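Colleague: Take a look at start-v3.cif, mmCIF, C-alpha atoms:
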data_coords
#
loop_
_atom_site.label_atom_id
_atom_site.label_comp_id
_atom_site.auth_asym_id
_atom_site.auth_seq_id
_atom_site.Cartn_x
_atom_site.Cartn_y
_atom_site.Cartn_z
CA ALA A 2188 10.73 73.80 9.81
CA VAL A 2189 11.49 72.46 6.33
CA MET A 2190 14.45 70.47 7.65
CA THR A 2191 12.27 69.04 10.42
CA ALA A 2192 9.53 68.13 7.93
CA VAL A 2193 12.05 66.52 5.58
CA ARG A 2194 13.59 64.41 8.34
CA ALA A 2195 10.17 63.41 9.67
CA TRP A 2196 9.08 62.45 6.16
CA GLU A 2197 12.26 60.41 5.73
CA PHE A 2198 11.42 58.46 8.88
CA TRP A 2199 7.77 58.09 7.84
CA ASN A 2200 8.82 56.85 4.40
CA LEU A 2201 11.26 54.39 5.97
CA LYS A 2202 8.57 53.05 8.30
CA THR A 2203 6.01 52.75 5.50
CA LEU A 2204 8.60 50.94 3.38
CA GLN A 2205 9.37 48.47 6.18
CA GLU A 2206 5.64 47.91 6.69
CA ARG A 2207 5.07 47.31 2.98
CA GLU A 2208 7.98 44.87 2.92
CA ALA A 2209 6.55 43.02 5.92
CA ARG A 2210 3.20 42.83 4.15
CA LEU A 2211 4.89 41.51 1.01
CA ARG A 2212 6.66 38.81 3.03
CA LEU A 2213 3.36 37.89 4.68
CA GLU A 2214 1.87 37.63 1.19
CA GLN A 2215 4.70 35.33 0.14
CA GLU A 2216 3.96 33.15 3.17
CA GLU A 2217 0.83 31.60 1.63
CA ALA A 2218 1.36 28.78 -0.85
CA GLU A 2219 1.54 30.72 -4.10
CA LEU A 2220 0.63 27.70 -6.26
CA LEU A 2221 -2.32 25.36 -5.73
CA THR A 2222 -3.23 24.14 -9.24
CA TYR A 2223 -1.80 24.01 -12.75
CA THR A 2224 -3.19 23.80 -16.27
CA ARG A 2225 -4.64 20.77 -18.04
CA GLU A 2226 -2.33 20.83 -21.06
CA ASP A 2227 0.50 21.00 -18.49
CA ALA A 2228 -0.90 18.02 -16.56
CA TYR A 2229 -1.69 15.20 -19.00
CA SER A 2230 1.10 15.65 -21.59
CA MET A 2231 4.17 14.58 -19.56
CA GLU A 2232 5.31 18.19 -19.41
CA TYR A 2233 8.94 17.40 -18.54
CA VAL A 2234 11.66 14.75 -18.03
CA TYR A 2235 13.82 14.41 -14.92
CA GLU A 2236 16.87 14.14 -17.20
CA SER B 63 2.22 10.12 2.66
CA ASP B 64 4.18 13.33 3.22
CA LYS B 65 6.76 15.04 5.43
CA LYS B 66 4.94 18.31 6.22
CA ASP B 67 5.50 20.10 2.92
CA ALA B 68 3.71 22.33 0.44
CA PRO B 69 0.17 21.29 -0.53
CA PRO B 70 -0.42 19.15 -3.63
CA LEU B 71 -0.86 20.77 -7.01
CA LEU B 72 -4.13 19.91 -8.77
CA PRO B 73 -5.33 20.14 -12.38
CA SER B 74 -7.52 23.11 -13.17
CA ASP B 75 -9.22 24.60 -16.21
CA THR B 76 -10.53 27.91 -14.84
CA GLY B 77 -7.10 29.19 -14.04
CA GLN B 78 -7.15 32.58 -15.67
CA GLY B 79 -10.82 33.54 -15.45
CA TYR B 80 -13.50 31.72 -17.46
CA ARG B 81 -13.16 34.45 -20.02
CA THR B 82 -10.45 32.55 -21.83
CA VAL B 83 -12.25 29.20 -21.76
CA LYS B 84 -15.78 30.55 -22.19
CA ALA B 85 -15.67 29.35 -25.81
CA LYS B 86 -13.99 25.99 -25.20
CA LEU B 87 -16.69 25.13 -22.65
CA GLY B 88 -19.75 26.66 -24.31
CA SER B 89 -19.23 24.70 -27.53
CA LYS B 90 -19.34 21.28 -25.83
CA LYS B 91 -21.55 19.43 -23.35
CA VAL B 92 -21.15 16.69 -20.78
CA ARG B 93 -21.68 12.96 -21.11
CA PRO B 94 -24.69 12.18 -18.90
CA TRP B 95 -23.56 10.44 -15.72
CA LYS B 96 -25.94 8.15 -13.85
CA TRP B 97 -26.06 6.24 -10.56
CA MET B 98 -26.29 2.71 -11.86
CA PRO B 99 -26.44 -0.76 -10.30
CA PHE B 100 -23.60 -3.14 -11.10
CA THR B 101 -22.45 -6.63 -10.15
CA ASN B 102 -18.75 -7.43 -10.20
CA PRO B 103 -17.90 -10.65 -12.08
CA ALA B 104 -15.30 -11.21 -9.34
CA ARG B 105 -18.15 -11.81 -6.86
CA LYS B 106 -18.94 -15.48 -6.29
CA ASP B 107 -22.43 -14.37 -5.23
CA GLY B 108 -24.18 -12.06 -7.66
CA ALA B 109 -24.82 -9.15 -5.33
CA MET B 110 -25.40 -5.68 -6.78
CA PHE B 111 -24.23 -2.24 -5.64
CA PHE B 112 -24.51 1.32 -6.93
CA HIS B 113 -21.86 3.73 -8.17
CA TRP B 114 -21.48 6.68 -10.54
CA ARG B 115 -20.92 5.94 -14.23
CA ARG B 116 -21.49 7.55 -17.59
CA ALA B 117 -24.84 5.97 -18.58
CA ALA B 118 -23.12 4.86 -21.78
CA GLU B 119 -21.00 2.29 -19.91
CA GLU B 120 -23.96 1.15 -17.81
CA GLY B 121 -23.65 -2.43 -16.62
CA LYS B 122 -20.66 -3.03 -18.89
CA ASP B 123 -18.28 -4.71 -16.42
CA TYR B 124 -16.15 -3.97 -13.37
CA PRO B 125 -12.51 -3.24 -14.31
CA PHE B 126 -11.28 -4.41 -10.89
CA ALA B 127 -12.40 -7.99 -11.54
CA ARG B 128 -8.96 -8.58 -13.06
CA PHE B 129 -7.53 -8.08 -9.56
CA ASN B 130 -9.57 -11.09 -8.35
CA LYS B 131 -6.77 -13.60 -9.01
CA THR B 132 -6.32 -16.38 -6.45
CA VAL B 133 -3.57 -18.92 -5.80
CA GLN B 134 -4.30 -22.63 -6.06
CA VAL B 135 -5.02 -25.07 -3.23
CA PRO B 136 -4.55 -28.85 -3.17
CA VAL B 137 -7.51 -31.21 -2.92
CA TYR B 138 -8.05 -34.49 -1.07
CA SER B 139 -11.09 -36.06 0.59
CA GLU B 140 -10.94 -39.83 1.07
CA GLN B 141 -7.99 -41.63 -0.56
CA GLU B 142 -5.61 -39.10 -2.13
CA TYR B 143 -4.36 -38.27 1.37
CA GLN B 144 -3.41 -41.89 2.06
CA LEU B 145 -2.08 -42.80 -1.39
CA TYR B 146 -0.21 -39.65 -2.48
CA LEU B 147 -0.52 -36.90 0.17
CA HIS B 148 0.69 -39.24 2.89
CA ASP B 149 1.30 -38.01 6.43
CA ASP B 150 2.27 -39.66 9.71
CA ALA B 151 2.09 -36.73 12.16
CA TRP B 152 -0.71 -34.55 10.77
CA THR B 153 -4.31 -35.73 10.68
CA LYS B 154 -6.54 -35.04 7.70
CA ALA B 155 -8.40 -32.54 9.88
CA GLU B 156 -5.28 -30.54 10.73
CA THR B 157 -4.04 -30.54 7.13
CA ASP B 158 -7.43 -29.42 5.82
CA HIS B 159 -7.72 -26.71 8.47
CA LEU B 160 -4.24 -25.40 7.67
CA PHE B 161 -5.01 -25.44 3.95
CA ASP B 162 -8.33 -23.61 4.29
CA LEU B 163 -6.63 -21.09 6.57
CA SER B 164 -3.77 -20.61 4.11
CA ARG B 165 -6.35 -19.78 1.47
CA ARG B 166 -8.00 -17.41 3.95
CA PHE B 167 -4.67 -15.61 4.37
CA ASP B 168 -3.41 -16.26 0.83
CA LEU B 169 -0.24 -18.16 1.79
CA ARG B 170 0.99 -15.24 3.93
CA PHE B 171 2.76 -17.59 6.28
CA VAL B 172 3.32 -15.29 9.27
CA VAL B 173 -0.32 -14.37 9.87
CA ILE B 174 -1.27 -17.91 8.80
CA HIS B 175 0.67 -19.24 11.79
CA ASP B 176 -0.69 -16.38 13.89
CA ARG B 177 -4.20 -17.71 13.28
CA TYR B 178 -3.22 -21.41 13.30
CA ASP B 179 -5.54 -22.76 15.95
CA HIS B 180 -3.48 -23.64 19.02
CA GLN B 181 -6.37 -25.22 20.97
CA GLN B 182 -7.88 -27.35 18.20
CA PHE B 183 -4.38 -28.60 17.33
CA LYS B 184 -0.97 -28.92 18.95
CA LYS B 185 1.39 -25.96 18.78
CA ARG B 186 4.02 -25.49 16.08
CA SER B 187 6.18 -22.77 14.56
CA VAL B 188 5.81 -20.91 11.26
CA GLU B 189 8.55 -22.81 9.44
CA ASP B 190 6.85 -26.13 10.20
CA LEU B 191 3.77 -24.93 8.33
CA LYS B 192 5.92 -23.53 5.52
CA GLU B 193 7.86 -26.76 4.99
CA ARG B 194 4.70 -28.87 5.25
CA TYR B 195 3.09 -26.72 2.55
CA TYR B 196 6.18 -27.26 0.41
CA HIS B 197 5.89 -31.02 0.99
CA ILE B 198 2.21 -31.13 0.03
CA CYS B 199 2.88 -29.08 -3.11
CA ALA B 200 5.72 -31.42 -4.08
CA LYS B 201 3.49 -34.46 -3.59
CA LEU B 202 0.71 -32.92 -5.68
CA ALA B 203 3.26 -32.16 -8.39
CA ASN B 204 4.46 -35.77 -8.40
CA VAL B 205 0.97 -37.28 -8.58
CA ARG B 206 -0.07 -34.73 -11.23
CA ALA B 207 3.29 -34.96 -13.05
CA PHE B 218 15.57 -22.99 0.49
CA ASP B 219 16.16 -24.73 3.83
CA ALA B 220 13.79 -24.44 6.78
CA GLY B 221 16.45 -25.45 9.31
CA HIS B 222 18.66 -22.55 8.25
CA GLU B 223 15.59 -20.33 8.64
CA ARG B 224 15.24 -21.49 12.25
CA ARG B 225 18.93 -20.69 12.62
CA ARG B 226 18.00 -17.27 11.22
CA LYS B 227 15.31 -16.65 13.81
CA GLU B 228 17.65 -17.68 16.61
CA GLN B 229 20.58 -15.61 15.30
CA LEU B 230 18.42 -12.48 15.08
CA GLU B 231 16.94 -13.19 18.51
CA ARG B 232 20.41 -13.52 20.03
CA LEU B 233 21.74 -10.41 18.29
CA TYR B 234 18.83 -8.20 19.34
CA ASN B 235 18.23 -9.59 22.84
CA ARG B 236 21.92 -8.76 23.40
CA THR B 237 22.14 -6.44 26.39
CA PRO B 238 22.85 -2.84 25.34
CA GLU B 239 26.39 -2.58 26.70
CA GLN B 240 27.37 -5.83 25.00
CA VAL B 241 25.74 -4.53 21.82
CA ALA B 242 28.03 -1.51 21.89
CA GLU B 243 31.17 -3.46 22.79
CA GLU B 244 30.66 -6.26 20.26
CA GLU B 245 29.76 -3.82 17.48
CA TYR B 246 33.03 -2.05 18.28
CA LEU B 247 34.76 -5.44 18.11
CA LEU B 248 32.75 -6.05 14.94
CA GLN B 249 34.30 -3.21 12.95
CA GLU B 250 37.80 -3.01 14.45
CA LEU B 251 39.15 -6.12 12.71
#
Would you write out, as structure tokens, the structure that this file holds?
Modeller:
Amino acid sequence: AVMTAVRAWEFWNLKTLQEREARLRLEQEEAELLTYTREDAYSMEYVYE
Amino acid sequence: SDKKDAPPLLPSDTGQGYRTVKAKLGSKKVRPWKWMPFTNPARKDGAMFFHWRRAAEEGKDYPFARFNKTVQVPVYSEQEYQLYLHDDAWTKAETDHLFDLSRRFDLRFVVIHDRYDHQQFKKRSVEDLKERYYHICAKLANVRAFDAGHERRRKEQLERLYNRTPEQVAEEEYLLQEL
């Protein structure tokens, strides 16, 4: 019974991990950045170089 | 415009949470904006319109008036046409119409010819108008003191090259590069 429970838990853990990874990818899908800061907007911030 | 990419990035202050900037905002206040009537100095007729401004700049001036530049036009009414701006194929009416229209369309020759009235005056091509405008400008310069034919050759060369039937296009373009 303990072996069966351990194997079943391994499969449940694997499935939950795959589901969490799918949810994380779905999270990544949305555009992570929409705005920036003001001191990083009107002070030239960078050169192409 | 775009090529179907990520959305633009915009300036923001309340990134973080308005717990950082609570102090930077609470200590200051806004300059009172007002909906105010203005008249652009670029307007020949002094009409007035509304728009949002700071109530400290009210009625100051319209910054876009400096975009109101215009290009010059020659002048002739009774005798300058005969004495200096002579012509033997164009009437005063046709010249004046073409000049007023060129001002309409700001010496953009293609759409100038597009409008050029074909039923008040006899037909003619774009380069005729262009060269005639050059001639009038030269005459004005003299009193007040590159080649059109090759451009026609242009138009015809492009017309021949493009009207070329597709198979001949392919064959000639092969012949074009081989040697």
Colleague: When you look at residue 74 of chain B with a cut-off of 7 Å (counting all atoms listed in the file), what residues show up, excluding the ones that are within fewer than 6 positions of it in the same chain? I need them as a list in words.
Modeller: residues 2222, 2223, 2224 and 2225 of chain A
Colleague: What are the nearest atom pairs, with distances in Å to one decimal, for all residues of chain B that come at most 6 Å from chain A, using all atoms listed in the file, set out by chain and rising residue number as JSON lines?
Modeller:
{"residue": "B:71", "atom": "CA", "partner": "A:2222", "partner_atom": "CA", "distance": 4.7}
{"residue": "B:72", "atom": "CA", "partner": "A:2222", "partner_atom": "CA", "distance": 4.4}
{"residue": "B:73", "atom": "CA", "partner": "A:2223", "partner_atom": "CA", "distance": 5.3}
{"residue": "B:74", "atom": "CA", "partner": "A:2224", "partner_atom": "CA", "distance": 5.4}
Colleague: Write out as a PyMOL selection string which residues come within 12 Å of residue 123 of chain B when counting all atoms listed in the file, dropping same-chain ones fewer than 6 positions away.
Modeller: chain B and resi 98-105+115
Colleague: So what do you get for atom CA of residue 219 of chain B versus atom CA of residue 248 of chain B, distance-wise?
Modeller: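 Separating atom CA of residue 219 of chain B from atom CA of residue 248 of chain B is a distance of 27.3 Å.
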Colleague: Please measure the separation of atom CA of residue 95 of chain B and atom CA of residue 120 of chain B, giving the value in Å to one decimal.
Modeller: 9.5 Å
Colleague: Would you work out the distance separating atom CA of residue 229 of chain B from atom CA of residue 185 of chain B, expressed in Å to one decimal?
Modeller: 22.1 Å
Colleague: Name the residues that the PyMOL selection byres ((chain B and resi 159) around 12) picks from the file above, as a PyMOL selection string, using the file's chain letters and numbers.
Modeller: chain B and resi 152-158+160-166+174-175+177-180+182-183+191
Colleague: Could the residues in this selection be saved with C-alpha atoms as an mmCIF file, keeping the file's coordinate frame?
Modeller:
data_model
loop_
_atom_site.group_PDB
_atom_site.id
_atom_site.type_symbol
_atom_site.label_atom_id
_atom_site.label_comp_id
_atom_site.auth_asym_id
_atom_site.auth_seq_id
_atom_site.Cartn_x
_atom_site.Cartn_y
_atom_site.Cartn_z
ATOM 1 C CA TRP B 152 -0.710 -34.550 10.770
ATOM 2 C CA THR B 153 -4.310 -35.730 10.680
ATOM 3 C CA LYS B 154 -6.540 -35.040 7.700
ATOM 4 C CA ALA B 155 -8.400 -32.540 9.880
ATOM 5 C CA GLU B 156 -5.280 -30.540 10.730
ATOM 6 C CA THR B 157 -4.040 -30.540 7.130
ATOM 7 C CA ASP B 158 -7.430 -29.420 5.820
ATOM 8 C CA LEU B 160 -4.240 -25.400 7.670
ATOM 9 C CA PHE B 161 -5.010 -25.440 3.950
ATOM 10 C CA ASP B 162 -8.330 -23.610 4.290
ATOM 11 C CA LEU B 163 -6.630 -21.090 6.570
ATOM 12 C CA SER B 164 -3.770 -20.610 4.110
ATOM 13 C CA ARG B 165 -6.350 -19.780 1.470
ATOM 14 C CA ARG B 166 -8.000 -17.410 3.950
ATOM 15 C CA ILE B 174 -1.270 -17.910 8.800
ATOM 16 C CA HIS B 175 0.670 -19.240 11.790
ATOM 17 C CA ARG B 177 -4.200 -17.710 13.280
ATOM 18 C CA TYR B 178 -3.220 -21.410 13.300
ATOM 19 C CA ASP B 179 -5.540 -22.760 15.950
ATOM 20 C CA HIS B 180 -3.480 -23.640 19.020
ATOM 21 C CA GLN B 182 -7.880 -27.350 18.200
ATOM 22 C CA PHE B 183 -4.380 -28.600 17.330
ATOM 23 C CA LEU B 191 3.770 -24.930 8.330
#
Colleague: Write out as a ChimeraX atom specification which residues come within 12 Å of segment 2207-2216 of chain A when counting all atoms listed in the file, dropping same-chain ones fewer than 6 positions away.
Modeller: /A:2200-2201 /B:68
Colleague: Kindly export the residues of the current selection with C-alpha atoms, as a JSON list (two decimals), in the frame of the given file.
Modeller:
[["chain", "number", "residue", "atom", "x", "y", "z"],
["A", 2200, "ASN", "CA", 8.82, 56.85, 4.40],
["A", 2201, "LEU", "CA", 11.26, 54.39, 5.97],
["B", 68, "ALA", "CA", 3.71, 22.33, 0.44]]
Colleague: Give me, as a PyMOL selection string, all polymer residues having an atom no more than 10 Å from residue 190 of chain B, counting all atoms listed in the file and skipping those fewer than 4 positions away in the same chain.
Modeller: chain B and resi 175+186+194-196+220-221+224
Colleague: Expanded to explicit residues, what is the PyMOL selection byres ((chain B and resi 133) around 8) for this file, as a ChimeraX atom specification?
Modeller: /B:131-132,134-135,165,168
Colleague: Would you kindly return, as a ChimeraX atom specification, each protein, DNA or RNA residue with an atom no farther than 9 Å from any atom of residue 136 of chain B, considering only C-alpha atoms and excluding same-chain residues fewer than 6 positions away?
Modeller: /B:161,198-199,202
Colleague: For segment 2218-2224 of chain A, take all atoms listed in the file, fit an axis-aligned box around them, add 5 Å to each of the six sides, then output centre and edge lengths in Å rounded to one decimal, as JSON.
Modeller:
{"center_x": -0.8, "center_y": 27.3, "center_z": -8.6, "size_x": 14.8, "size_y": 16.9, "size_z": 25.4}
Colleague: When you get a chance, write out N, CA, C and O atoms for segment 2224-2236 of chain A, as an mmCIF file, in the frame of the given file.
Modeller:
data_model
loop_
_atom_site.group_PDB
_atom_site.id
_atom_site.type_symbol
_atom_site.label_atom_id
_atom_site.label_comp_id
_atom_site.auth_asym_id
_atom_site.auth_seq_id
_atom_site.Cartn_x
_atom_site.Cartn_y
_atom_site.Cartn_z
ATOM 1 N N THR A 2224 -2.314 23.876 -15.115
ATOM 2 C CA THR A 2224 -3.190 23.800 -16.270
ATOM 3 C C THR A 2224 -3.305 22.358 -16.773
ATOM 4 O O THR A 2224 -2.502 21.485 -16.441
ATOM 5 N N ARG A 2225 -4.341 22.121 -17.581
ATOM 6 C CA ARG A 2225 -4.640 20.770 -18.040
ATOM 7 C C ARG A 2225 -3.657 20.306 -19.109
ATOM 8 O O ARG A 2225 -3.179 19.167 -19.069
ATOM 9 N N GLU A 2226 -3.345 21.168 -20.074
ATOM 10 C CA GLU A 2226 -2.330 20.830 -21.060
ATOM 11 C C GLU A 2226 -0.944 20.687 -20.442
ATOM 12 O O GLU A 2226 -0.048 20.133 -21.088
ATOM 13 N N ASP A 2227 -0.749 21.170 -19.216
ATOM 14 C CA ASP A 2227 0.500 21.000 -18.490
ATOM 15 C C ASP A 2227 0.379 19.920 -17.422
ATOM 16 O O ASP A 2227 1.175 19.882 -16.480
ATOM 17 N N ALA A 2228 -0.618 19.050 -17.545
ATOM 18 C CA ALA A 2228 -0.900 18.020 -16.560
ATOM 19 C C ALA A 2228 -0.932 16.627 -17.166
ATOM 20 O O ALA A 2228 -0.441 15.674 -16.551
ATOM 21 N N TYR A 2229 -1.498 16.488 -18.360
ATOM 22 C CA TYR A 2229 -1.690 15.200 -19.000
ATOM 23 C C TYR A 2229 -0.876 15.045 -20.278
ATOM 24 O O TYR A 2229 -1.295 14.310 -21.178
ATOM 25 N N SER A 2230 0.266 15.726 -20.391
ATOM 26 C CA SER A 2230 1.100 15.650 -21.590
ATOM 27 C C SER A 2230 2.576 15.499 -21.228
ATOM 28 O O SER A 2230 3.455 15.839 -22.023
ATOM 29 N N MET A 2231 2.851 15.015 -20.017
ATOM 30 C CA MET A 2231 4.170 14.580 -19.560
ATOM 31 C C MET A 2231 5.129 15.735 -19.299
ATOM 32 O O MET A 2231 6.066 15.594 -18.506
ATOM 33 N N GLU A 2232 4.900 16.888 -19.922
ATOM 34 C CA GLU A 2232 5.310 18.190 -19.410
ATOM 35 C C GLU A 2232 6.797 18.374 -19.131
ATOM 36 O O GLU A 2232 7.258 19.515 -19.026
ATOM 37 N N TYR A 2233 7.566 17.287 -19.027
ATOM 38 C CA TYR A 2233 8.940 17.400 -18.540
ATOM 39 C C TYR A 2233 9.583 16.022 -18.366
ATOM 40 O O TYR A 2233 8.879 15.015 -18.238
ATOM 41 N N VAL A 2234 10.913 15.972 -18.333
ATOM 42 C CA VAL A 2234 11.660 14.750 -18.030
ATOM 43 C C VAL A 2234 12.719 15.078 -16.988
ATOM 44 O O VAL A 2234 13.352 16.138 -17.040
ATOM 45 N N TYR A 2235 12.904 14.163 -16.032
ATOM 46 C CA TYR A 2235 13.820 14.410 -14.920
ATOM 47 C C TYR A 2235 15.246 14.631 -15.422
ATOM 48 O O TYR A 2235 15.950 15.522 -14.931
ATOM 49 N N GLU A 2236 15.695 13.820 -16.381
ATOM 50 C CA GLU A 2236 16.870 14.140 -17.200
ATOM 51 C C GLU A 2236 18.192 14.014 -16.452
ATOM 52 O O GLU A 2236 18.317 14.450 -15.302
#
